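So the protein sequences, as listed, match chains A, B, C, D and E. Everything in the first sequence is counted per PDB author numbering, starting at 3 for the first residue and increasing by one. Everything in the second sequence is counted per PDB author numbering, starting at 3 for the first residue and increasing by one. Everything in the third sequence is counted per PDB author numbering, starting at 3 for the first residue and increasing by one. Everything in the fourth sequence is counted per PDB author numbering, starting at 3 for the first residue and increasing by one. Everything in the fifth sequence is counted per PDB author numbering, starting at 3 for the first residue and increasing by one. Below you'll find the structure, written out as structure tokens, and then a few comments.
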Amino acid sequence: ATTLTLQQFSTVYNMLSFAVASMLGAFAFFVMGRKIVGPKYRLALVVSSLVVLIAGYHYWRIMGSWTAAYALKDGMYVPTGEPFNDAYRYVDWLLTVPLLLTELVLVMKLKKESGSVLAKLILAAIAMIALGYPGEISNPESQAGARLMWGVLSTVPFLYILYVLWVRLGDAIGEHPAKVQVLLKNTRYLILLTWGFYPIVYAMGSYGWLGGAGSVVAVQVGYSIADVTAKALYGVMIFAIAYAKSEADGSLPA
Amino acid sequence: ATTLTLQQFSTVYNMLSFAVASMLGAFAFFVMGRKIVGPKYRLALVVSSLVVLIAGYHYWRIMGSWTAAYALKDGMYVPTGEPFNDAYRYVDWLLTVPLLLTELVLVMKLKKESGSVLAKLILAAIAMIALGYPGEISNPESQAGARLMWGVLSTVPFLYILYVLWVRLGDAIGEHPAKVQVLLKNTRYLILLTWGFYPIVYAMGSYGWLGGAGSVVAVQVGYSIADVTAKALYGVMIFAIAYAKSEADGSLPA
Amino acid sequence: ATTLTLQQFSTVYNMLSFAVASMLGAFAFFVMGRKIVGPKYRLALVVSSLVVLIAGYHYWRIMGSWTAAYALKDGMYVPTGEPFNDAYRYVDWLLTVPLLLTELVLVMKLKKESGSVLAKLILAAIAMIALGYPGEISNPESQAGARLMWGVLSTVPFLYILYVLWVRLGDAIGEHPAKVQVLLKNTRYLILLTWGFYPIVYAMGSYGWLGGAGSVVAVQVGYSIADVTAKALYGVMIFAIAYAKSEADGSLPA
Amino acid sequence: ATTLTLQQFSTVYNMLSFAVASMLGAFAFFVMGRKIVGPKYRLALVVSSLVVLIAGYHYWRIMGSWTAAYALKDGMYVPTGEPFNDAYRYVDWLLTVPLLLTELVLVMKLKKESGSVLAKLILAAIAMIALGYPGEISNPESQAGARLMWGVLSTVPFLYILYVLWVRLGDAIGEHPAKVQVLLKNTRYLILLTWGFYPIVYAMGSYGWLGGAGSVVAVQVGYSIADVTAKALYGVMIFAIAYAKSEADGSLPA
Amino acid sequence: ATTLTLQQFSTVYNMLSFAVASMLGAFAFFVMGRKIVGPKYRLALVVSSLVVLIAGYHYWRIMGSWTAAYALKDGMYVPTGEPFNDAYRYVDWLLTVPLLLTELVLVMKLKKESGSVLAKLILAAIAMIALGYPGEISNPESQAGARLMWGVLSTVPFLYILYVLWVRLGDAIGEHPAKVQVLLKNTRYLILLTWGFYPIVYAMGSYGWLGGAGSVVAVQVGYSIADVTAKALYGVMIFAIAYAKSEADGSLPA
Ligand SMILES: CC1=C(/C=C/C(C)=C/C=C/C(C)=C/C=C/C=C(C)/C=C/C=C(C)/C=C/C2=C(C)C[C@H](O)CC2(C)C)C(C)(C)C[C@H](O)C1
Ligand SMILES: CC1=C(/C=C/C(C)=C/C=C/C(C)=C/C=C/C=C(C)/C=C/C=C(C)/C=C/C2=C(C)C[C@H](O)CC2(C)C)C(C)(C)C[C@H](O)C1
Ligand SMILES: CC1=C(/C=C/C(C)=C/C=C/C(C)=C/C=C/C=C(C)/C=C/C=C(C)/C=C/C2=C(C)C[C@H](O)CC2(C)C)C(C)(C)C[C@H](O)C1
Ligand SMILES: CC1=C(/C=C/C(C)=C/C=C/C(C)=C/C=C/C=C(C)/C=C/C=C(C)/C=C/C2=C(C)C[C@H](O)CC2(C)C)C(C)(C)C[C@H](O)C1
Ligand SMILES: CC1=C(/C=C/C(C)=C/C=C/C(C)=C/C=C/C=C(C)/C=C/C=C(C)/C=C/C2=C(C)C[C@H](O)CC2(C)C)C(C)(C)C[C@H](O)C1
Ligand SMILES: *C/C=C(C)/C=C/C=C(C)/C=C/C1=C(C)CCCC1(C)C
Ligand SMILES: *C/C=C(C)/C=C/C=C(C)/C=C/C1=C(C)CCCC1(C)C
Ligand SMILES: *C/C=C(C)/C=C/C=C(C)/C=C/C1=C(C)CCCC1(C)C
Ligand SMILES: *C/C=C(C)/C=C/C=C(C)/C=C/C1=C(C)CCCC1(C)C
Ligand SMILES: *C/C=C(C)/C=C/C=C(C)/C=C/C1=C(C)CCCC1(C)C
């Protein structure tokens, strides 16, 4: 593998520590702020906490992996041979991606067919991660065909999730007040922006653009930014929607 | 022992980390969602949390064992001589298996003879694990007779547990509304499917089919899947039954 | 010291891990089930949690000691020279034994002289452990006289505790309903059975019967069984008595 | 790097441990004292806890770094070559500085334009830390120009934050009773005093005054004092303002 | 430094572990028993928890230091050269000593000038520890003058604290019922007895009486006993006073 300078290793280490601290803070906030909203939305906040808890644990492992993957030697960071690859992140995703959609459904309080919509979204998310995993461990050079096939098969449930978010949930969003509608539309925009990061990284790794110390650093920093935005800030938006709906129906504990 | 490739070791490590994260998330969810159901069912949820807490600790140990059982050497994972065997899992089972049945009884609110049914189930579960343990540490080649005898003796309380689940608890299940009856029958199906995994693994290890890196990987992955399904998803079903019964009697805090 | 086989070391390690998991589960259960009983008994449950918390920490240390006391070498476990002896357990006992009696008094709600009875029991327990400690560190061969003297002096407060349990607390037990009387008598029987284990181990170590790998394994397994029964199951019985008394006076939150 | 005497290393280690203990105590206090004030201010206290939680984690890392940066050798502490620099602290600041201002807004209960003021302050704080980071990793000798430019660009949002604190928030402060006005003015004075420490350290590092064991020790001790005062004591003042306002409107739970 | 026998090292290690377990148990008890007293006294209990939490963390460090300060070699414990001295304890004291007095004021509910009395006591405690620290790191042989001067300057605020405890707080104590007066006087006696331990150890270290393995062991055991009595048992007395005052005014939740 490529050698890293002190600054490159430090940048990746700092961004991983930032992700760990963000998940710990988000967990504390969701647990304690569950009591601030009406009792009807607390379940949704519970799920938010689970997400930032799981990712938190996983990031604590990833950080430990990163330190173990390099050794300091003559003012350079030289790979030790201990593995460090994105495949481990899939273990996080298979739990967090289905839970994320779950909280969005829970806070929405769908009047009809809530169970069927939630079940189909959870199945789509699980299938997306499960089909993505075999392509990720495929070597982009020796096994390009397998990587392309698995990525294309993984994109189908991703498109189904986007369709359900923008087409089915439109009519449910339209039944909320203006404040709640703005918050829900902003939450949907935050999914689209953050979730496309992962397929783009997969595609760049398929075309062999991720070689080099620069690319290695950028991908880890992008993972930390994307995970924090898609989990902690996403849960904060869920909390904001729950608080607004509690204020609308007069169920706010304050 | 057999040497592992990078992918085989990574697969086992990732599945163990997945089990740890699943137990931690389940624990947080049961603790926080205890307040979402009526006060009559909270004790049941408490027991659910205990299960996912205990298994969680144990999986954190198993993961640590797995890393200690192999060393990276010339792009292969070579056994270090530190032990790694299924016997340690029995220490988990002796607590979790009696507790699992316990929560199913607690959420059911048996009108008569609840204590006697629960006591007999707990004794059956303890006896099953206690008789299974001597056969597991029996060498399948030198001590085949002892392994067969202990497995057969362990299966008797297993059959008694299945009989009590399907024959005694039928009349109690029939006294619930349709939603609760569907949830209880699905919970019983989830026990039968997940619990048979363990005796099948024991029997395959008795016939010498578990040699080889492939079998080693498959058994650990199957253990992680079976444990997560039989503890975290099982507790989620217990939570669903408690929520449905709270909604039926008008005791839902919301 | 004697060398251990793989199975002997594994058995001791598994029993220590079992004790750790049991104390962690008991702690979670007592903390969460405090809200299930009436407010008059919650203090008693609090003390229960403290016991299983303290022992839990101590067992986490003992486990760490055991691994450090032996090294794997030619398929045998050879002592490293790092100490491992029962004296460390006394540090646990000096806190847990006075607290155990405390919870039994607290749940009992003595009408008169509760303070004096509790104070005398706490002083007796402290004196018992404090007089036992100098005899334990006495070499059974070179310092037999000192060991005998300290054990005999330690037994006097033990007999006083048994006398107070069976003679003073008889009249208080007789003032409870039949269910509560059965639970209290069973709790008293559980003390007598579990508490005699420790003096028997001390006496066997005084007569030089504890040499050999078999004896070493048996004593650690017996310590784990006795501690779990005398702390976690004892607290569960305290919880059962509190729940029964809450149901009797109509103070049950459910 | 310069060698440290035993006393210099010990002083830095003790001050880091002090910061860790202070953040842990502050976290426990804010979590438990949230229930002591009226429900209208609890959200503010929640944010306080998040701050002392995040910094706590980060200080636990910094302490671990410091021990790793030196080795004991011939009664002197000699640098090992493992890095130890202030850049890691920026990862803490980017979360804590926006949250600190947040709690001050939350406890204040701005009647109009609360959202816009809070958003502008959060953006200013993020920009301040983000522009400060490139100058900190700039070598003060080889890259003086870049360090000066980044520091000057970082000071603009700092001045905007001070202006908003003293000019916009004046009219809001004037609408509180005398006790609350005194507490708010003291809180504003505590920001000005503690926050200027960081730019002064940056400027001293730009002029090359931070060489030498004395300067190294003083800067770490100053960081610990400044962080504890600006986070734990600042949150205690937030708690005092919340308690005073709860007492003023008769919402105190006691 | 002096070599230790197995028993001397074991005694110090066991007493440090005892202090850790005592602080953890005290923390759990204060957190859970806060709900058992009236809402007017809960803040006081919160502060109690903070004390036993901080000391707990610090003792976990001290224990780790002690193990690191010696190595097992030929059945003796030989110093490794890693430092172990009392100066680190001052980092604990500077937080815990001001908090201890704080809880005593908080539970007392001073009718007039509570703020001024508490502020003066906190300032006196901080000054006492801050003036003690420079004398502790003074070598008792080469720097006897500095040690004497710093100790004498540290004793002045100690005498002021004792004067405030016995002279100002007399009239406030006289306004409580007989039970509360007895508890307050016993709490004052527990301060005087436990707090004089520290200056006596300082004075003995000034006269060179602390050399030798015996003295080394005795001082650590005395520190553990004094800290446990002055923090955990002191908080238990605070809890007893709060419970008695809750029972007196009819604010007991039970
Ligand atoms: C191509 C390819 C693949 C797959 C690639 C994939 C799936 C890529 C996915 C990329 C996506 C979905 C990117 C999405 C980006 C969306 C953007 C940038 C959306 C922008 C929206 C904004 C900024 C809206 C702004 C706002 C508006 C308009 C209204 C609001 O009120 C306020 C505000 C939020 C500012 C594989 C995986 C099959 C492998 C193969 O080898 C290559
Ligand atoms: C043989 C042997 C041994 C023991 C082996 C043992 C005990 C094996 C145990 C295996 C068992 C009990 C397997 C059980 C499998 C059960 C299955 C596959 C059940 C399937 C049920 C389904 C899929 C139901 C589906 C559903 C239905 C029908 C209705 C619901 O509403 C909806 C839905 C859940 C889809 C030893 C231990 C003595 C050692 C010896 O050397 C060898
Ligand atoms: C002799 C000796 C020493 C000391 C030894 C000591 C103190 C030994 C202590 C042993 C004791 C106290 C043993 C106690 C055993 C008690 C038993 C086995 C009690 C049995 C009770 C049962 C099983 C009751 C059963 C039940 C009944 C009867 C009614 C209930 O409703 C239902 C049920 C629980 C089943 C030293 C320490 C001085 C050193 C010296 O060198 C040697
Ligand atoms: C110059 C320079 C830079 C930047 C430096 C900067 C931004 C320095 C910042 C320093 C600041 C803002 C210092 C502020 C100090 C403020 C003080 C000391 C305020 C004192 C207030 C007190 C003590 C008030 C006392 C009170 C009063 C008056 C009323 C209250 O009721 C009671 C009490 C609190 C006692 C860079 C970053 C561009 C790099 C370049 O190379 C050099
Ligand atoms: C001398 C010296 C220094 C300083 C030394 C210092 C400050 C020493 C301090 C020692 C102190 C203050 C010791 C205090 C001891 C107090 C005792 C023993 C109090 C006893 C009270 C009891 C036992 C009361 C008992 C009770 C009574 C009377 C009524 C209650 O209702 C029930 C009960 C608690 C039993 C330095 C630091 C300047 C350095 C220099 O080189 C040497
Ligand atoms: C918190 C973590 C999140 C939101 C992770 C999201 C991950 C994805 C949306 C992954 C998508 C993929 C595809 C659409 C196809 C290529 C393979 C994947 C798994 C990278
Ligand atoms: C969470 C863990 C669970 C549910 C473990 C379940 C384990 C069993 C059902 C084990 C059964 C066995 C037999 C029926 C006979 C052979 C020996 C055993 C112990 C593997
Ligand atoms: C949870 C731990 C428990 C209940 C420990 C109990 C320990 C004893 C009852 C010890 C008793 C002893 C004697 C009666 C005399 C000999 C010395 C002792 C300390 C082993
Ligand atoms: C708890 C941590 C706190 C409050 C950190 C505050 C940090 C600053 C106010 C930093 C300010 C800076 C400038 C004004 C310019 C030079 C660069 C900075 C980042 C040191
Ligand atoms: C929990 C820890 C406690 C109560 C520590 C108390 C410490 C003291 C009272 C220290 C007193 C000292 C003097 C009076 C003069 C000599 C220097 C000191 C710091 C040892």
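For every residue, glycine included, the Cβ atom is placed at its ideal position computed from N, Cα and C.
Exercise for review: Scan the segment 57–74 of chain C for residues whose Cβ lies nearer than 7 Å to a Cβ of chain E and list them as they occur along the chain.
Suggested key: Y59, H60 and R63
Check your understanding: What does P85 of chain C reach in chain H if we use C-beta pairs closer than 7 Å?
Key -> As a matter of chain content, chain H is missing from the structure shown, whose protein chains are A, B, C, D and E.
Exercise for review: Kindly list the residues whose CB is nearer than 8 Å to the CB of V182 of chain B, restricted to its own chain and excluding five residues on each side of it in sequence; keep chain order.
Suggested key: Taking the second sequence and counting its residues from 1, one reaches residue 182 of chain B at position 180. These residues qualify, in order along the chain: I243, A246, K247 and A250.
Practice item. Locate the alpha helix (DSSP H) running through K122 of chain A, then write down its first and last residues. Key: Counting from one through the first sequence, the residue named residue 122 of chain A turns up at place 120. Segment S116 to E138, the alpha helix (DSSP H) holding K122 of chain A.
Exercise for review: Find out if the Cβ-Cβ distance for the pair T4 of chain A, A215 of chain A is shorter than 7 Å.
Suggested key: The residue given as residue 4 of chain A occupies position 2 in the first sequence. The residue given as residue 215 of chain A occupies position 213 in the first sequence. Cβ atoms of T4 of chain A and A215 of chain A: closer than 7 Å.
Point to revise | Boundaries (first-last residue) of the beta strand (DSSP E) holding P81 of chain E | key: For this step, residue 81 of chain E is matched to residue 79 along the fifth sequence. Where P81 of chain E is concerned, the enclosing beta strand (DSSP E) stretches over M78 to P81.
**Study point:** Under 7 Å between C-beta atoms of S156 of chain D and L186 of chain D
**Key:** The residue given as residue 156 of chain D occupies position 154 in the fourth sequence. The residue given as residue 186 of chain D occupies position 184 in the fourth sequence. Their beta carbons are not under 7 Å apart, which means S156 of chain D does not touch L186 of chain D by this criterion.
Point to revise | CB contact below 7 Å: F20 of chain C versus chain B | key: The count along the third sequence starts at 1 and reaches residue 20 of chain C at position 18. Using a CB distance cut-off of 7 Å, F20 of chain C counts as an interface residue toward chain B.
Check your understanding: Is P179 of chain D near ligand 5, in the sense that its beta carbon is under 6 Å from a heavy atom of that ligand?
Key -> Taking the first residue of the fourth sequence as 1, we reach residue 179 of chain D at position 177. Checking every heavy atom of ligand 5 against the Cβ of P179 of chain D, none is found closer than 6 Å.
Review point. Who pairs with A73 of chain D in a beta bridge, going by DSSP?
Key: Here residue 73 of chain D refers to the residue found at position 71 of the fourth sequence. Per DSSP, D:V80.
Exercise for review: With a 10 Å radius around its C-beta and 16 neighbouring C-beta atoms as the bar for buried, classify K233 of chain A as buried or exposed.
Suggested key: To locate residue 233 of chain A, count along the first sequence from 1; it is residue 231. Under this definition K233 of chain A is a buried residue.
Check your understanding: Is there contact between the segment 223–232 of chain E and the segment 184–198 of chain E, where contact requires at least three CB pairs shorter than 8 Å?
Key -> yes
Exercise for review: Check the C-beta distance from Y79 of chain A over to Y72 of chain A and give it rounded, since I have them as a contact under 8 Å.
Suggested key: Residue 79 of chain A sits at position 77 when you count from the first residue of the first sequence. Residue 72 of chain A sits at position 70 when you count from the first residue of the first sequence. Contact holds; Cβ gap of about 4 Å.
Check your understanding: Taking 6 Å as the line, does the beta carbon of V99 of chain E fall inside it for any heavy atom of ligand 10?
Key -> By one-based count along the fifth sequence, residue 99 of chain E stands at place 97. Yes, since a heavy atom of ligand 10 falls inside the 6 Å radius drawn around the Cβ of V99 of chain E.
Review point. For the segment 27–56 of chain B, which residues have a CB atom closer than 7 Å to at least one CB atom of chain A, in sequence order?
Key: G27, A30, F31, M34, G35 and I38
Review point. Under the three-state reduction of DSSP, which class applies to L185 of chain D: helix, strand or coil?
Key: Position 183 of the fourth sequence, counted from the start, is the residue given in the question as residue 185 of chain D. Secondary structure of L185 of chain D (DSSP, three-state): helix.
Exercise for review: Would you please state the rounded distance, in angstroms, between the beta carbons of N16 of chain C and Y90 of chain B? I believe it to be under 8 Å.
Suggested key: Stepping through the third sequence from its first residue, residue 16 of chain C is reached at position 14. Stepping through the second sequence from its first residue, residue 90 of chain B is reached at position 88. Sure, about 6 Å apart at Cβ, within 8 Å.
Practice item. Determine the contact status of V158 of chain A and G35 of chain B, defining contact as a CB-CB distance below 7 Å. Key: Numbered from 1 along the first sequence, position 156 holds the residue referred to as residue 158 of chain A. Numbered from 1 along the second sequence, position 33 holds the residue referred to as residue 35 of chain B. Result no, Cβ atoms of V158 of chain A and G35 of chain B do not sit closer than 7 Å.
Point to revise | Three-state secondary structure assigned by DSSP to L112 of chain C | key: Looking up residue 112 of chain C in the third sequence gives position 110. Note: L112 of chain C maps to coil in three-state DSSP.
Exercise for review: Ignore the nearest five residues each way along the sequence and tell me which others in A126 of chain D's own chain have a CB closer than 6 Å to its CB.
Suggested key: As a working mapping, residue 126 of chain D is identified with position 124 in the fourth sequence. Excluding the 5 residues flanking it on each side, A126 of chain D has same chain C-beta neighbours closer than 6 Å at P159, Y162 and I163, in chain order.
Review point. Does any CB atom of chain D fall closer than 7 Å to the CB of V93 of chain E?
Key: For the purposes of this step, residue 93 of chain E is identified with residue 91 of the fifth sequence, where counting begins at 1. Yes, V93 of chain E counts as interfacial toward chain D.
Exercise for review: Go ahead and label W152 of chain B buried or exposed: buried means 16 or more other beta carbons lie within 10 angstroms of its beta carbon, across all protein chains shown.
Suggested key: Locating residue 152 of chain B in the second sequence gives position 150, where the first residue counts as 1. With 16 or more Cβ atoms within 10 Å of its Cβ, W152 of chain B is classed as buried.
Point to revise | Distance CB(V33 of chain D)-CB(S19 of chain A) smaller than 7 Å | key: Walking along the fourth sequence from the start, residue 33 of chain D turns up at place 31. Walking along the first sequence from the start, residue 19 of chain A turns up at place 17. The answer is no: Cβ separation not under 7 Å.
Practice item. For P142 of chain A, collect the residues of the same chain with a Cβ closer than 8 Å to its Cβ; drop the 5 residues on either side in sequence, then sort them by chain order. Key: Taking the first residue of the first sequence as 1, we reach residue 142 of chain A at position 140. Within the same chain, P142 of chain A has close Cβ partners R149, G207, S208, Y209 and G210.
Check your understanding: Taking Cβ to Cβ, would you say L106 of chain E is nearer than 7 Å to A30 of chain D?
Key -> Start at 1 with the first residue of the fifth sequence, and residue 106 of chain E comes out as number 104. Start at 1 with the first residue of the fourth sequence, and residue 30 of chain D comes out as number 28. No; because the gap between Cβ atoms is not below 7 Å, this pair is not in contact.
**Study point:** Beta-carbon proximity list for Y43 of chain D, same chain, < 7 Å, skipping 5 on both sides
**Key:** The count along the fourth sequence starts at 1 and reaches residue 43 of chain D at position 41. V109, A244, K247 and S248.
Practice item. State yes or no: is the C-beta of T69 of chain B nearer than 6 Å to some heavy atom of ligand 10? Key: Along the second sequence, one-based indexing puts residue 69 of chain B at 67. No - ligand 10 has no heavy atom lying nearer than 6 Å to the Cβ of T69 of chain B.
Review point. Taking the alpha-carbon positions, what's the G83 of chain E to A228 of chain D distance?
Key: Sequence index remark: in the fifth sequence, residue 83 of chain E carries index 81 (1-based). Sequence index remark: in the fourth sequence, residue 228 of chain D carries index 226 (1-based). Straight through space, the alpha carbons of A228 of chain D and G83 of chain E are spaced by roughly 33 Å.
Check your understanding: Which class does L6 of chain C belong to by DSSP, given the choice of helix, strand or coil?
Key -> Position 4 of the third sequence holds residue 6 of chain C. Of the three classes helix, strand and coil, the one that applies to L6 of chain C here is strand, per DSSP.
Review point. Under a three-way DSSP split, which group does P142 of chain D fall into?
Key: Counting from one through the fourth sequence, the residue named residue 142 of chain D turns up at place 140. Under the three-state reduction of DSSP, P142 of chain D is assigned to coil, being neither helix nor strand.
Review point. Can we count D229 of chain C as close to ligand 8, meaning its CB is less than 6 Å from some heavy atom?
Key: Numbered from its first residue, the third sequence carries residue 229 of chain C at position 227. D229 of chain C: yes, Cβ under 6 Å from ligand 8.
Point to revise | Under the three-state DSSP convention, the category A256 of chain A falls into | key: The sequence position of residue 256 of chain A within the first sequence is 254, counting from 1. Coil at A256 of chain A, not helix or strand.
Practice item. Find out if the Cβ-Cβ distance for the pair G237 of chain E, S50 of chain E is shorter than 7 Å. Key: The count along the fifth sequence starts at 1 and reaches residue 237 of chain E at position 235. The count along the fifth sequence starts at 1 and reaches residue 50 of chain E at position 48. Against a cut-off of 7 Å, the Cβ pair of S50 of chain E and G237 of chain E comes out as a contact.
Review point. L123 of chain A: which of A:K111, A:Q9, A:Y165 and A:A174 sits nearest, CA to CA?
Key: Residue numbering aside, residue 123 of chain A sits at position 121 when the first sequence is read from its first letter. Comparing Cα-Cα distances from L123 of chain A to each of A:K111, A:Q9, A:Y165 and A:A174, the minimum goes to A:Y165.
Review point. So does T189 of chain C have its beta carbon nearer than 6 Å to some heavy atom of ligand 8?
Key: Residue 189 of chain C sits at position 187 when you count from the first residue of the third sequence. No, Cβ of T189 of chain C sits at least 6 Å from all heavy atoms of ligand 8.
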